[PDB]
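First, one chain by itself in structure tokens, the form deposited in one PDB entry.
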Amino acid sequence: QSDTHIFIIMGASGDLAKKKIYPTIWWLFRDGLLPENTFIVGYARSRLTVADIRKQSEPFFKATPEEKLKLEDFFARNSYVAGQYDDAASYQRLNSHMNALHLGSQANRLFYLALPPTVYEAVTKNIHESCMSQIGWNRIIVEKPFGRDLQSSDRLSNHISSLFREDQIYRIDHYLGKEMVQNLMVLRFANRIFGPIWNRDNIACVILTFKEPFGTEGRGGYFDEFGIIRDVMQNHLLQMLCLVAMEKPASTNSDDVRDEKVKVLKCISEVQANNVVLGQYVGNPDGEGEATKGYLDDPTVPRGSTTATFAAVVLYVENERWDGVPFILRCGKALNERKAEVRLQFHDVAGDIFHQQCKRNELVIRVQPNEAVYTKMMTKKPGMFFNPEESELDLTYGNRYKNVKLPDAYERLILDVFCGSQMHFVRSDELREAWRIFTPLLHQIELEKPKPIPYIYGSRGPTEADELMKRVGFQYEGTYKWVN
């Protein structure tokens, strides 16, 4: 558009703004993806100047000697306004400043809330009362945490919704912005090969995985407040579940897609402790650097802490497509690898004519690292053999899509907020559903404080997780050898 656009970084002083948001909008700017008439305004308490932000931020850019773009053009379109987060005059200074930009009164306004959540109500209120364009649209971008249980999430959401329409709320889950997570819809609904099999007649279980090989790395005090399931499971993994489980939406329109995701969530009952295994990492006596230290060997972590760093959990979607099909959600810190992944384990072929030599098919979408889709499969053993054996059909983006830059999540999503696309952004009802499922578990843990199961830095986590997966009907072999 020819419309002017104002991207306000609320909290421009802090680390997220310095190392993520300023770089991200830079890169968007750099690549000709923003509107031409775009201005960046930072707002934080410190008495900063555009020079002080350039010095903070441009070591985090792709600083290249082609920097006319960077040359003030990007920074010339930057300004800064100092201000307190619940001082009304401050927001008049801000609004007034925005107004004095080129067509500032007309411009579309996009407020990035790069702030801690203890200030989200104040900032939000103040924006509403004093800083809203009266002509252009007004969009707010909010980061996790969105509450820490139902009731607290409800507080925040009822506040925001009183001030802003759903039209205006862009809650980011950086997961919706990943290449492979966006691909799920295309994989499923642009292809007949998948789809007729995408149901309980064919699938024995869905595994949704998120693994990190690093522990907590000095920041354990921060993590200890919420733990792994609040961290990763109620947001990222449950999102993947939704995209997997979704009925086909009426259209790609943002709210036809999101009302399929909530629809699924509504068929999932509160998770019971029968279906949970919790883990906390201890260090490896035979390890290297950080890997020697357990969760409790952070001096930032309170002594006797019970917080879990690993959780496997089994959910069920009580509907026609999925009745009975366990959805295993599996995540953790200080594990054997970095990986996030969707796997379908299909049922045994009916009426076996090979002689218990078949192995269940699997469909694997590996979100990270090394973006790949493959199906684990049966072929006839190459050569003089009459036997089936395990093989696969592969799409690996590394090799096929060799010269294709994949954007970072924040590049994609922030672009979506300019283009007005809420598809990849957690809706209010979605967020309620998410909290409903996990809240009574969460409180059970807070109350009764169960000892999580010990596992070694770099292991696959507690063995009890595997027994849970096996008990709901996952089958692990030993037999699938991959090469290349």
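One rule holds for the numbers: they count along the sequence shown, beginning at 1. Whichever C-alpha set is largest while still superposing within 1.5 Å between the two forms counts as the rigid core.
The discussion below concerns the form deposited in another entry, not included here.
Note: rigid core superposed between the shown form and the other one; among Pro196, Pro382, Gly289, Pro285, the CA shift is 2 Å or more only at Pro382.
Annotation: Cα of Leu69 displaced by at least 2 Å between the shown form and the other one, core superposition.
Put the two forms on the same core and the Cα of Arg321 is off by less than 2 Å between the shown form and the other one. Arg258: CA moves less than 2 Å between the shown form and the other one after rigid-core fitting. Here's the thing about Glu337 and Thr396: their CA atoms end up at least 3 Å farther apart in the other form than they are in this form. Between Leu163 and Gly177, the C-alpha separation grows by 3 Å or more in the other form, relative to the conformation displayed.
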